[PDB]
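Asks: I would like to see how this sequence folds:
(4 chains)
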Amino acid sequence: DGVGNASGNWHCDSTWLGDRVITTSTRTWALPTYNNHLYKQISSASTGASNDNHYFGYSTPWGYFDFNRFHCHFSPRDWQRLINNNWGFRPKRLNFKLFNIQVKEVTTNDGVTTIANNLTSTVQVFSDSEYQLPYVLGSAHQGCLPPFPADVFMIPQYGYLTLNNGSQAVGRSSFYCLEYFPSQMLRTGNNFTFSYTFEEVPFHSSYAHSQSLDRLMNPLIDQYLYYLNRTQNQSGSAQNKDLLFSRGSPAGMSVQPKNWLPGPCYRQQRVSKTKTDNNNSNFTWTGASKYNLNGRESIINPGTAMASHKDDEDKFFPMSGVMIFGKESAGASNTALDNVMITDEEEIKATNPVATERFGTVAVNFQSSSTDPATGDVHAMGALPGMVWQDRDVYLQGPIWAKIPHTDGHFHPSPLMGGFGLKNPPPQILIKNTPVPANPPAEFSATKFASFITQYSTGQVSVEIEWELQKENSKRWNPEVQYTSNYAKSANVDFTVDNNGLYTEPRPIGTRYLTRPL
Amino acid sequence: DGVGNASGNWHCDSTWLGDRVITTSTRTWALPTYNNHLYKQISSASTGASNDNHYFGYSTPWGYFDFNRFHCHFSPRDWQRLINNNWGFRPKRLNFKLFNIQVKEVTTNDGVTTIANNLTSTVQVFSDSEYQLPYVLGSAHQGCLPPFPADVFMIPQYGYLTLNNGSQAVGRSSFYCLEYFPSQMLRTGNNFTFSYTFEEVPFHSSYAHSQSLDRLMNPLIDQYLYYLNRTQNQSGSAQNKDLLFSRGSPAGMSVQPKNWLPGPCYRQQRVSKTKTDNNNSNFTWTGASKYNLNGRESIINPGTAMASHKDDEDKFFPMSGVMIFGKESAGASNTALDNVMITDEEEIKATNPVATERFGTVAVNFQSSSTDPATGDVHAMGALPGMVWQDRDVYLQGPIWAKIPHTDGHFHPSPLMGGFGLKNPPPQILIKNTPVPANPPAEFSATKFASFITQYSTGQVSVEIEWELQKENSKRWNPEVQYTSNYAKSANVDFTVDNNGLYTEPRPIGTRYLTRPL
Amino acid sequence: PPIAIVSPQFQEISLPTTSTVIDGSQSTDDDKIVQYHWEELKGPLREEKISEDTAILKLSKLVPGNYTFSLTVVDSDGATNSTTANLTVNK
Amino acid sequence: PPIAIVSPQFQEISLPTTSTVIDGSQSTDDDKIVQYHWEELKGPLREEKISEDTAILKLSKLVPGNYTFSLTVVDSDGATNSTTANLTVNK
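Replies: Numbers count the residues shown, from 1 in each chain, chains lettered A, B, ... in the order given. Let me share the structure:
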């Protein structure tokens, strides 16, 4: 209750209870004035983009909070403390608070900005808790809470895309006016609070199977089911076709009757990190996996949950099948290989296929005395009955949830970037400086306003997600593989600040370090 | 409860009850912005220091309060009132308060600083009451509360050093992000208060033993225990070896069976205050006492509690065995002898040895008819059973407590600079201006912030330590030696201000003036 | 490079007392220094050399004349720097 | 060594149907085998060679005559073993 009183305190705890962990995080924000308070439409006809890159939409002056990355809540020690002894985690409830609002206003009088504190100006905040809006969150954008808590961040701008016939607007293209929602006027003494409880989303499997899928049998006893071992008796001269069956196997494990199947597949392209073993074309977009939706092509990227490469093929990666997080000194256009972080995905080699590899070979023809048994090569495979797979790993950088789109049907709604597919996700919290106009003229005018006071806000924002942990129940004997720091005389400590204060996350940390048997 | 209301009053009492003394002190502080809000690491590789002077650490923008000197609580009259009739003192509890916060913000517009009062900006304060941080306090640094109450002081900057392989960083080097602790946002109307209760630390012995340790016998009666007086009968010609024992002693006091032992010793170097009786080398660091810890040498300084010199040898002092407090007009580099205050430590000559003297002589060989009884010279001596000693004196300038480091073992945890070794010391109170950013650009940017509003805070801070006194119980007849002011026509009054207001403490005041028998 | 510095370059030892120390332990670096290496340039013979591969010298039995030792430090990775010392030993 | 074994050594393909498979994928080892390498010794020209650096062949357009390929496997660490195959192709 201002003005000479703080409207909230700085909470940045991370408490570890028995079966639940409460990760509070508080950041300092700064909201500018976007579009100079206008609902300017955005399309592709101004730039003139490609046929698959046409869009049509609107760009509000509202701004949103997107706490939809894992490092907005977990410090790297808390992430290490989680992923080393937990077979799973899911969020229970969140608790969002927005306090200590300061509405400054800047005067650029004669080339000198004189930022002056304004006290009567307000700030509109609403949480779209009924989902009437486009849900831009979960599209893996920037403008989150920063990783390191001592960073002032800048709030994104809420734009949205709707239906288009190219860069035109079909009569189904919805326009959303966001002052047509009840917001909350916040002076410099008020605060925005709300609470939210997640669904019963499944636990994210933070373990790696210590058994293969085609290695789920007793290596000593042989089976009681037979199979065809041989369609040609070797009588040392020529063909006989005596159809020899025999029991097995203790040793011929590749031919036994299994019981389950590996997961779906959709092949990406095998691309070497070493530049000398790649084709001299371009490539991408020529030999990439892509889909036609309304007559425009889009790369799958990263596709279904598949392993990255085979055993000891660390140089290869799927062309668009991996999360590629950028480092610092990495621009937003044509960065080299060193300044990115390709997340190697290899802990799911047991159940899931390899994204650069076929998912088996079906037969084509009918074998007879006349025609040889030709087999065809399978590349894409929809889900058969009896397939098991395991979803894509999450990361300390990567996204937490996504919105399951409200369609009539959906198959296994896990997001392809990893995370928790939520029907009712955390609602979008949208924020906007109330437009304070400059001096109007003395005679009445019909035209709206071509002059406002240039201003911006700042303040703090607390997000407090309670998670639900799944404690491991292992009877493994030998030690696990756990995420450790590199014990060496190092030049700089990883996941810390530098000589001039730049928080640099050095590597992507997954969550699959423990071993449950399959 | 501001803004037009003070959030606390100025308390600077010092009340003397029967067995306890409550010394309140309130100062005006000023907290700047350090590092421009960055966790810049600090190491030795930038400067390129010596092999024993390599370090590695971090330097936060936080600032700490260090009320860890005795004159932050005791006026020189209250110190005199304490040390003259008290055989001991220890603190019971403290009470820390932080009020009347004013957050100014400075605009250096066209070379003219225009300091403007800001009302919505906050100040983060937390007391690290669980000891997760490095405890920099007790390292005898500057930036305390000032001695004289009418002084505005500037808050230190909280940096910390961790493990290094030179100027590298081993994988045990911890990084502490200090916004990952729950702070308390304080506007211009709020106040930070907490309370603390000390342990049952022993009383600091503020007395000097009026008996020696080797003079603890009745000077009239002789003992009943014998000893060897003579290994050679004088029959006026030559050697006889008749092994003459005889009783004693009333007079041969140096040879009697004593019962206890003087304390441990570790020799420093005998250095004259008169420059003509010193070696012409340098010296120090050539003939100093130093220890190897992880392969790097460090001067002991001031070492174990030992006396400074013998009887009437005031010109000598141990090279690093004395507290050397600086006066004013004393720089932080290569100051002469006049501008410092070498604390003479001579009241513990009874129990403790002399730091420039051997602690006795052991024997080396086996005496026989063939070989003479050669004796070796003892210099360093660990604690034998039956040693008594007395800890180092405290001063009006010197430190109050220190933190006993959380190791598996420690022997007699008194700090070598004197004071109260506390397992759980008073917690570090860390303070930091909340970063208020300048105007962000209109398009969203990923990079954090290269521009903040330059600001600083000011305010008052009260520290109120309740002490527990040990009233003397003496039956001494003749008067004691007590700390008196020099009664003379003087040019300037000691422990007061000057012609232009500089509070100058003229001399270090110990606490050992009273006499308890040993 | 590996920068080394000797205690003074110039000493003055009075006879008969010949027992000095050259302290090449204030030699700096940006990393650790692996070893310190002492050598000798000038001077007559018959001296008790003690620990030439260490930091702090312990020099004894010095003929009045001109001794000249030399400290050489080695960084990791290897880099040398030879700074010398003069022993103006006079009666 | 790296021991290799070919599917039969001796095949019998009847004309006109020329589409066979030599399965050098039953070649064993005590560790993994890094690659399988096919070559050719005999036979006329004009064939569509498909994936000589793989396991299972896909042979097409075979002139009736005598072809002779050769499989070579490579262990980690490197060890070779060349076992050949004969293609008795008759009408």
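
Asks: only C-alpha atoms for contact and neighbour calcs from this point on.
Replies: OK.

Asks: ok, which residues in chain A are in contact with chain D?
Replies: A:238, A:371, A:372 (Cα under 8 Å from any Cα of the partner chain).

Asks: Now do the same for the first one: helix, strand or coil?
Replies: Local secondary structure at residue A:238 is given as coil here, using DSSP: H, G, I helix; E, B strand; the rest coil.

Asks: before we move on, the earlier item: most neighbours, which of the residues of chain A next to chain D?
Replies: The most crowded member of those, judged by other Cα atoms under 10 Å in any protein chain shown, is residue A:372 (15 neighbours).

Asks: Thought residue D:14 was touching it, still the case?
Replies: No. Applying Cα atoms under 8 Å, one finds residue A:372 not in contact with residue D:14, separated by 10.9 Å.

Asks: Now do the shared contacts for those two.
Replies: Contact criterion Cα atoms under 8 Å, 6 or more residues apart in numbering or on different chains; residues shared by residue A:372 and residue D:14: none found.

Asks: Now the stretch 401-518 of chain A against chain B: closest residue?
Replies: When Cα to the nearest Cα is the measure, the stretch 401-518 of chain A has its nearest residue to chain B at residue A:487, with 3.7 Å between them.

Asks: any idea how far residue A:123 is from residue A:180?
Replies: Using Cα to Cα, to the nearest Å, one gets 16 Å for the distance from residue A:123 to residue A:180.

Asks: These two: which is more packed in?
Replies: The neighbour count for residue A:123 versus residue A:180, taken as other Cα under 10 Å, is higher for residue A:123 (22 against 7).

Asks: Please report phi then psi for that one.
Replies: For residue A:123, the backbone dihedrals (degrees, to the nearest 10) come out as phi -140, psi 120.

Asks: Kindly report the same for the one 10 residues further on.
Replies: Dihedral angles of residue A:133 (phi, psi; degrees, to the nearest 10) stand at phi -100, psi 160.

Asks: which ones are touching it?
Replies: Contacts here follow Cα under 8 Å, 6+ apart; on that basis residue A:133 touches residue A:176.

Asks: ok so, going back, near the spatially closest residue to the residue of the stretch 401-518 of chain A closest to chain B that is not a sequence neighbour, how many other residues are there?
Replies: Using Cα to Cα, 6 or more residues apart in numbering or on different chains and skipping the chain neighbours, the partner closest in space to residue A:487 is residue B:171 (3.7 Å). Using other Cα under 10 Å, the number of residues around residue B:171 comes to 18.

Asks: any idea which element residue B:171 lies in?
Replies: Assignment of secondary structure by DSSP states H and E places residue B:171 within no helix or strand.

Asks: Can you name the residues that contact it?
Replies: Residue B:171 neighbours (Cα under 8 Å, 6+ apart): A:485, A:486, A:487, A:488, A:489, A:490, A:493.

Asks: secondary structure class for the last one?
Replies: In the three-state summary, residue A:493 is assigned as coil, counting by three-state DSSP.

Asks: hang on, it packs against residue B:168?
Replies: No. With contact defined as Cα under 8 Å, residue A:493 does not reach residue B:168; the gap is 9.2 Å.

Asks: Neighbour count for the two, which is higher?
Replies: When residue A:493 and residue B:168 are compared on other Cα under 10 Å, the one with more neighbours turns out to be residue B:168, at 25 against 22.

Asks: Can you list the strands that the helix or strand where residue A:457 lies pairs with?
Replies: Assigned by DSSP H and E, residue A:457 belongs to strand A:455-470. Using DSSP bridges, strand A:455-470 pairs in its sheet with strand A:20-31 (antiparallel), strand A:88-109 (antiparallel).

Asks: Residues touching the shortest one, excluding its own?
Replies: Right, strand A:20-31. Counting contacts by Cα under 8 Å, 6+ apart, the residues outside strand A:20-31 that touch it are A:10-16, A:63, A:72-74, A:145-146, A:149-155, A:432-433, A:456-469, B:435, B:437, B:440.

Asks: among those residues, which ones are buried?
Replies: Among the contacts of strand A:20-31, those scoring as buried are A:10-14, A:63, A:72-74, A:145-146, A:149-155, A:432-433, A:456-469, B:435, B:437, B:440 (criterion: 16 or more other Cα atoms under 10 Å in any protein chain shown).

Asks: mind listing what whichever residue of chain C sits closest to chain B touches?
Replies: Residue of chain C nearest chain B, by Cα to the nearest Cα: residue C:28 (3.8 Å). If a contact means Cα under 8 Å, 6+ apart, then residue C:28 has B:48, B:49, B:50, B:51, C:2, C:3, C:4, C:5 as its contacts.

Asks: can you pull up the bridge partners for it?
Replies: The partner residues for residue C:28, given DSSP bridges, come to residue B:50.

Asks: Cool, thanks, talk later.
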